Number of protein chains: 2
Amino acid sequence: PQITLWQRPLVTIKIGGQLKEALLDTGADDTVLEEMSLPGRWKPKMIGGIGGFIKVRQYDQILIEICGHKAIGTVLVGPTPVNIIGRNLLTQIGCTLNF
Amino acid sequence: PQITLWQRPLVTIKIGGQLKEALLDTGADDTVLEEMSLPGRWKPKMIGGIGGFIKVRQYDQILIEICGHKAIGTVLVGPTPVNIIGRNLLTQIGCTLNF
Ligand SMILES: C[C@H]1CC[C@@H](O)[C@H]1NC(=O)[C@H](Cc1ccccc1)C[C@H](O)CN1CCN(C(=O)c2cnc(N3CCN(C)CC3)c(Cl)n2)C[C@H]1C(=O)NC(C)(C)C
């Protein structure tokens with residue numbers, strides 16, 4: 001699909017059998033999700049946004065469907081204002097910017 | 001052009017005579033730039049994201065040239081770690097997300 005930016009690019013994602021809303025974010029290197037329970041072990045990671053750095057939990061090889069497109073990759077879980085789909089997963093679904 | 005997301009989507013922008021590097025950010029509602037002087041009056045504003053909120057100066061109707069394309073809009077100036085071009089300006093240059 002072609003998505004214009006007059007409105008926030010929110011899409012529906014499916015993770016852990018649940019539907020959630022997430023933002024297609026080209027300015028985010030990583031994918032960061034709000035607090036939830038994910039399988040396996042986690043590693044620590046510090047990530048910096050606009051207001052500073054936060055601590056998140058890193059989970060690898062997590063399956064997540066974005067608009068019907070399956071992706072499997074690294075997801076970070078921490079205190080985020082909204083679920084964010086970053087470049088690591090945007091590249092998997094073949095997302096590009098055009099103008 | 002067609003920009004891929006393997007690397008951060010940086011582009012050259014021109015504002016107030018100066019040439020700067022900036023991120024094409026679909027996740028950002030606003031355009032935030034690193035400390036600089038812009039003509040006219042400003043209004044104080046707090047913008048937030050991951051890591052918290054920062055205080056910025058809101059300048060309205062500023063002209064920016066993003067890859068040759070001219071655009072007019074509100075620009076926020078403050079202690080951001082990177083120059084970011086948000087949706088308010090991305091729409092003006094006809095930027096879309098495709099996949
Ligand atoms: C994800 C991290 C991984 C590693 C880094 O790559 C990283 N990226 C980022 O953080 C980049 C910046 C960056 C890039 C490289 C290096 C350092 C920093 C910004 C990010 O792309 C967008 N980000 C998405 C979440 N988000 C919201 O949903 C949101 C929306 N609205 C809000 N509200 C709620 C209603 N209110 C009325 C009004 C305020 C609030 Cl608080 N928050 C804030 C927004 C943001 O920051 N917007 C701006 C205008 C402030 C810029």
Side-chain angles (χ1 to χ4, degrees), chain A residues 3 5-13 20-35 43-60 62 64 66 73-91 95 97, chain B residues 3-11 13 20-36 42-60 62 64 66 71 73-92 95 97:
Chain A
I3 299 177
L5 307 165
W6 301 95
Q7 50 288 105
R8 286 192 192 169
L10 298 178
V11 294
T12 300
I13 60 161
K20 285 140 179 278
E21 201 96 282
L23 185 72
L24 263 24
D25 195 344
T26 61
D29 305 308
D30 315 297
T31 294
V32 189
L33 268 48
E34 297 169 16
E35 191 57 56
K43 288 182 282 181
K45 185 162 187 170
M46 280 275 274
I47 59 169
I50 195 72
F53 287 77
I54 57 165
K55 318 91 193 66
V56 293
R57 310 200 308 277
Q58 176 174 319
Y59 293 87
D60 300 323
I62 302 295
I64 175 174
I66 314 159
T74 300
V75 172
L76 311 177
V77 179
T80 177
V82 73
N83 293 304
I84 296 166
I85 306 298
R87 291 191 298 103
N88 70 303
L89 295 186
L90 292 180
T91 49
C95 200
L97 279 173
Chain B
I3 300 171
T4 53
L5 279 2
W6 292 121
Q7 293 87 46
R8 285 183 175 178
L10 285 322
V11 295
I13 65 162
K20 297 170 182 293
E21 263 211 307
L23 230 192
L24 298 181
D25 193 351
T26 61
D29 295 348
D30 311 286
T31 290
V32 198
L33 266 39
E34 301 172 347
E35 282 292 324
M36 64 177 295
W42 52 272
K43 167 80 177 60
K45 196 182 188 187
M46 290 281 269
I47 52 166
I50 76 114
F53 283 71
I54 55 158
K55 214 288 289 166
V56 293
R57 312 200 308 287
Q58 179 196 329
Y59 289 96
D60 294 308
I62 302 293
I64 298 187
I66 311 159
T74 298
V75 167
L76 308 174
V77 173
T80 178
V82 55
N83 290 314
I84 73 87
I85 303 300
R87 292 192 301 105
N88 73 306
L89 292 181
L90 286 172
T91 51
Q92 302 301 288
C95 192
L97 214 37

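Letters A, B, ... are given to chains in the order of the sequence lines, protein chains preceding strands, and every chain is numbered from 1. In what follows, every heavy atom counts, from backbone to side chain, and hydrogens, waters and symmetry copies are set aside. Every number for a ligand or one of its atoms is a count from 1 in the order of the listing.
Nearest heavy-atom pair across B:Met36 and B:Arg57 is O-NH2, 3.0 Å. What you find for B:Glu34 and B:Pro81 is that their closest heavy atoms are OE2-O, 3.3 Å. B:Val56 approaches B:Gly78 most closely through the heavy-atom pair CG1-CA, 4.0 Å.
The shortest contact between atom 1 (C) of ligand 1 and any protein heavy atom is with A:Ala28 CB, 3.6 Å. From the protein, the heavy atom lying nearest to atom 3 (C) of ligand 1 is A:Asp30 OD2, 4.1 Å. Considering only non-hydrogen protein atoms, atom 31 (N) of ligand 1 sits nearest to A:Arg8 NH2, 3.2 Å. Nearest non-hydrogen protein atom to atom 22 (C) of ligand 1 is A:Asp25 OD2, 3.4 Å. Here the protein heavy atom with the shortest distance to atom 26 (N) of ligand 1 is B:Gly49 CA, 4.5 Å. Among all non-hydrogen protein atoms, the one lying nearest atom 7 (C) of ligand 1 is A:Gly48 O, 3.7 Å. What sits closest to atom 14 (C) of ligand 1 on the protein, heavy atoms only, is A:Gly27 O, 3.4 Å. The shortest contact between atom 41 (Cl) of ligand 1 and any protein heavy atom is with B:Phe53 CZ, 3.6 Å.
Just one of A:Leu90, A:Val75, A:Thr26 meets the side-chain contact (heavy atoms from CB on, under 4.5 Å) condition when paired with A:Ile85; it is A:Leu90.
A distance of 4.0 Å separates CG in B:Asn83 from CG in B:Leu33, rounded to the nearest 0.5 Å. Distance CG/A:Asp29 to CD1/A:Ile47: 9.5 Å, rounded to 0.5 Å. To the nearest 0.5 Å, atom CG of residue A:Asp30 and atom NZ of residue A:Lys45 are 4.0 Å apart. How far OG1 of A:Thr31 is from CG of A:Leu23: 11.0 Å, rounded to the nearest 0.5 Å.
Close approach of ligand 1 to B:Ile84 is summarised as follows: ligand atoms under 4.0 Å from at least one heavy atom of the residue are 51 (C).
Proximity annotation for atom 13 (C) of ligand 1: of B:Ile50, B:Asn88, B:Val82, B:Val82 comes nearest, heavy atoms only.
Of all the heavy atoms of A:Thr80, none lies under 4.0 Å from any atom of ligand 1, so neither backbone nor side chain is involved.
Distances from atom 11 (C) of ligand 1 to the protein include at least one heavy-atom value under 4.0 Å. Within the 4.0 angstrom cut-off, atom 19 (C) of ligand 1 has one or more protein heavy-atom neighbours. Within 4.0 Å of atom 33 (N) of ligand 1, not a single protein heavy atom is present.
Under 4.0 Å is where a charged nitrogen must lie from a carboxylate oxygen, and between B:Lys43 and B:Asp60 no such pair does.
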